[PDB]
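Novice: Provided herewith: input22.pdb, PDB, C-alpha atoms.
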```pdb
ATOM      1  CA  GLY A   1      30.483 110.320 120.635  1.00  0.00           C
ATOM      2  CA  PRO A   2      33.999 110.747 122.159  1.00  0.00           C
ATOM      3  CA  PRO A   3      36.245 107.689 122.582  1.00  0.00           C
ATOM      4  CA  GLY A   4      36.103 105.709 125.792  1.00  0.00           C
ATOM      5  CA  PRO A   5      38.891 105.487 128.358  1.00  0.00           C
ATOM      6  CA  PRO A   6      41.907 103.193 128.103  1.00  0.00           C
ATOM      7  CA  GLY A   7      41.513  99.507 128.755  1.00  0.00           C
ATOM      8  CA  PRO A   8      43.024  97.658 131.712  1.00  0.00           C
ATOM      9  CA  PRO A   9      46.654  96.448 131.790  1.00  0.00           C
ATOM     10  CA  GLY A  10      47.586  93.463 129.740  1.00  0.00           C
ATOM     11  CA  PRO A  12      51.684  89.046 132.786  1.00  0.00           C
ATOM     12  CA  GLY A  13      54.583  88.123 130.561  1.00  0.00           C
ATOM     13  CA  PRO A  14      56.152  84.688 130.402  1.00  0.00           C
ATOM     14  CA  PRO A  15      58.569  83.284 132.990  1.00  0.00           C
ATOM     15  CA  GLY A  16      62.085  84.600 132.986  1.00  0.00           C
ATOM     16  CA  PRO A  17      65.063  82.600 131.865  1.00  0.00           C
ATOM     17  CA  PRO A  18      66.742  79.965 134.058  1.00  0.00           C
ATOM     18  CA  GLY A  19      68.974  81.205 136.845  1.00  0.00           C
ATOM     19  CA  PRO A  20      72.768  81.161 136.683  1.00  0.00           C
ATOM     20  CA  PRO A  21      74.744  78.114 137.841  1.00  0.00           C
TER      21      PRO A  21
ATOM     22  CA  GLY B   1      31.336 106.516 121.069  1.00  0.00           C
ATOM     23  CA  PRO B   2      34.182 104.331 119.899  1.00  0.00           C
ATOM     24  CA  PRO B   3      36.133 102.137 122.340  1.00  0.00           C
ATOM     25  CA  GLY B   4      39.036 103.674 124.166  1.00  0.00           C
ATOM     26  CA  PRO B   5      42.692 102.842 123.453  1.00  0.00           C
ATOM     27  CA  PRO B   6      44.226  99.478 124.452  1.00  0.00           C
ATOM     28  CA  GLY B   7      45.434  99.493 128.036  1.00  0.00           C
ATOM     29  CA  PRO B   8      49.052  99.583 129.241  1.00  0.00           C
ATOM     30  CA  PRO B   9      51.420  96.625 128.797  1.00  0.00           C
ATOM     31  CA  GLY B  10      51.048  93.939 131.367  1.00  0.00           C
ATOM     32  CA  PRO B  12      56.560  91.042 134.102  1.00  0.00           C
ATOM     33  CA  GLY B  13      56.173  87.338 134.189  1.00  0.00           C
ATOM     34  CA  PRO B  14      57.334  85.200 137.097  1.00  0.00           C
ATOM     35  CA  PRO B  15      61.050  84.622 137.847  1.00  0.00           C
ATOM     36  CA  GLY B  16      62.591  81.863 135.836  1.00  0.00           C
ATOM     37  CA  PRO B  17      63.402  78.444 137.255  1.00  0.00           C
ATOM     38  CA  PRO B  18      66.445  77.801 139.483  1.00  0.00           C
ATOM     39  CA  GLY B  19      69.778  77.558 137.781  1.00  0.00           C
ATOM     40  CA  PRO B  20      71.774  74.297 137.458  1.00  0.00           C
ATOM     41  CA  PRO B  21      74.590  73.220 139.809  1.00  0.00           C
TER      42      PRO B  21
ATOM     43  CA  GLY C   1      32.471 105.183 124.363  1.00  0.00           C
ATOM     44  CA  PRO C   2      33.202 101.964 126.283  1.00  0.00           C
ATOM     45  CA  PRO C   3      36.595 101.102 127.825  1.00  0.00           C
ATOM     46  CA  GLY C   4      39.329  99.983 125.441  1.00  0.00           C
ATOM     47  CA  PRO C   5      40.579  96.415 125.228  1.00  0.00           C
ATOM     48  CA  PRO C   6      43.399  95.059 127.418  1.00  0.00           C
ATOM     49  CA  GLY C   7      47.002  95.863 126.799  1.00  0.00           C
ATOM     50  CA  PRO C   8      49.475  93.320 125.421  1.00  0.00           C
ATOM     51  CA  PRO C   9      51.219  90.832 127.689  1.00  0.00           C
ATOM     52  CA  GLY C  10      54.152  92.043 129.752  1.00  0.00           C
ATOM     53  CA  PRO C  12      59.685  88.187 130.641  1.00  0.00           C
ATOM     54  CA  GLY C  13      60.239  87.883 134.320  1.00  0.00           C
ATOM     55  CA  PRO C  14      63.737  88.169 135.742  1.00  0.00           C
ATOM     56  CA  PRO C  15      66.315  85.411 135.706  1.00  0.00           C
ATOM     57  CA  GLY C  16      65.682  82.621 138.170  1.00  0.00           C
ATOM     58  CA  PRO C  17      67.647  82.096 141.399  1.00  0.00           C
ATOM     59  CA  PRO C  18      71.251  80.907 141.424  1.00  0.00           C
ATOM     60  CA  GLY C  19      71.645  77.176 141.307  1.00  0.00           C
ATOM     61  CA  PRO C  20      73.635  75.230 143.926  1.00  0.00           C
ATOM     62  CA  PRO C  21      77.355  76.373 144.084  1.00  0.00           C
TER      63      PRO C  21
END
```
What would you get if you wrote out this structure as structure tokens?
Specialist:
Amino acid sequence: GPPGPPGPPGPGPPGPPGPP
Amino acid sequence: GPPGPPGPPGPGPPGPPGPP
Amino acid sequence: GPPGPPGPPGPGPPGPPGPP
């Protein structure tokens, strides 16, 4: 049969440290 | 039918506070 | 077909400024 719909969204890791 | 495509990409949290 | 698998993981933004 035809392919199913897309899956759900994949969060990334924390951002880098802030500036001084 | 076959599975659908992978879903969209998942940002992570803000990074930690900066230093003095 | 069934729904696709999840997308890949999403870095977050830079953290907050440190003390002055």
Novice: Report, in Å with one decimal, the straight-line distance from atom CA of residue 10 of chain C to atom CA of residue 15 of chain A.
Specialist: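 Atom CA of residue 15 of chain A lies 10.3 Å from atom CA of residue 10 of chain C.
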Novice: Quick one: chain B onto chain A, least squares on all Cα paired in order, result as a short mmCIF file (atom, residue, chain, number, x, y, z; two decimals) with C-alpha atoms, in the coordinates of the input?
Specialist:
```cif
data_model
loop_
_atom_site.label_atom_id
_atom_site.label_comp_id
_atom_site.auth_asym_id
_atom_site.auth_seq_id
_atom_site.Cartn_x
_atom_site.Cartn_y
_atom_site.Cartn_z
CA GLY B 1 30.46 110.31 120.90
CA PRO B 2 34.00 110.43 122.18
CA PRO B 3 36.11 107.26 122.50
CA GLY B 4 35.81 105.25 125.66
CA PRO B 5 38.54 105.05 128.32
CA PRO B 6 41.79 103.10 127.74
CA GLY B 7 41.39 99.43 128.56
CA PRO B 8 42.81 97.58 131.58
CA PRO B 9 46.55 96.94 132.00
CA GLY B 10 47.84 94.00 130.09
CA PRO B 12 52.24 89.70 133.00
CA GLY B 13 55.04 88.94 130.67
CA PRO B 14 56.57 85.49 130.33
CA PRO B 15 58.71 83.92 133.10
CA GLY B 16 62.30 84.98 133.02
CA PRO B 17 65.11 82.77 131.77
CA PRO B 18 66.56 79.90 133.86
CA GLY B 19 68.92 80.83 136.62
CA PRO B 20 72.68 80.08 136.56
CA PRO B 21 74.33 77.05 138.21
#
```
Novice: Can you pull out the residues contacting residue 9 of chain A? Cut-off 6 Å, using all atoms listed in the file, and skip same-chain residues under 2 positions away; I want them as an NGL selection string.
Specialist: (:B and (7-10)) or (:C and (6-7))
Novice: Based on the selection just made, write C-alpha atoms of those residues as a PDB file, in the frame of the given file.
Specialist:
```pdb
ATOM      1  CA  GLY B   7      45.434  99.493 128.036  1.00  0.00           C
ATOM      2  CA  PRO B   8      49.052  99.583 129.241  1.00  0.00           C
ATOM      3  CA  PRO B   9      51.420  96.625 128.797  1.00  0.00           C
ATOM      4  CA  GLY B  10      51.048  93.939 131.367  1.00  0.00           C
TER       5      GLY B  10
ATOM      6  CA  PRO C   6      43.399  95.059 127.418  1.00  0.00           C
ATOM      7  CA  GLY C   7      47.002  95.863 126.799  1.00  0.00           C
TER       8      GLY C   7
END
```
Novice: Evaluated on this file, the PyMOL selection byres ((chain A and resi 4) around 10) picks out some residues - which ones are they, written as a PyMOL selection string?
Specialist: (chain A and resi 1-3+5-7) or (chain B and resi 1-5) or (chain C and resi 1-4)
Novice: Take the PyMOL selection byres ((chain A and resi 21) around 8), run it mentally on this structure, and tell me the resulting residues as a PyMOL selection string.
Specialist: (chain A and resi 19-20) or (chain B and resi 19-21) or (chain C and resi 18-21)
Novice: Leaving out residue 17 of chain A and any residue of its chain fewer than 6 positions from it, which residues lie within 8 Å of it when counting only C-alpha atoms, given as a JSON list (two decimals) with C-alpha atoms, in the coordinates of the input?
Specialist:
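The file below, selection29.json, is the result:
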```
[["chain", "number", "residue", "atom", "x", "y", "z"],
["B", 15, "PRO", "CA", 61.05, 84.62, 137.85],
["B", 16, "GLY", "CA", 62.59, 81.86, 135.84],
["B", 17, "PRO", "CA", 63.40, 78.44, 137.26],
["C", 12, "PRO", "CA", 59.68, 88.19, 130.64],
["C", 13, "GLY", "CA", 60.24, 87.88, 134.32],
["C", 14, "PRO", "CA", 63.74, 88.17, 135.74],
["C", 15, "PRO", "CA", 66.32, 85.41, 135.71],
["C", 16, "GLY", "CA", 65.68, 82.62, 138.17]]
```
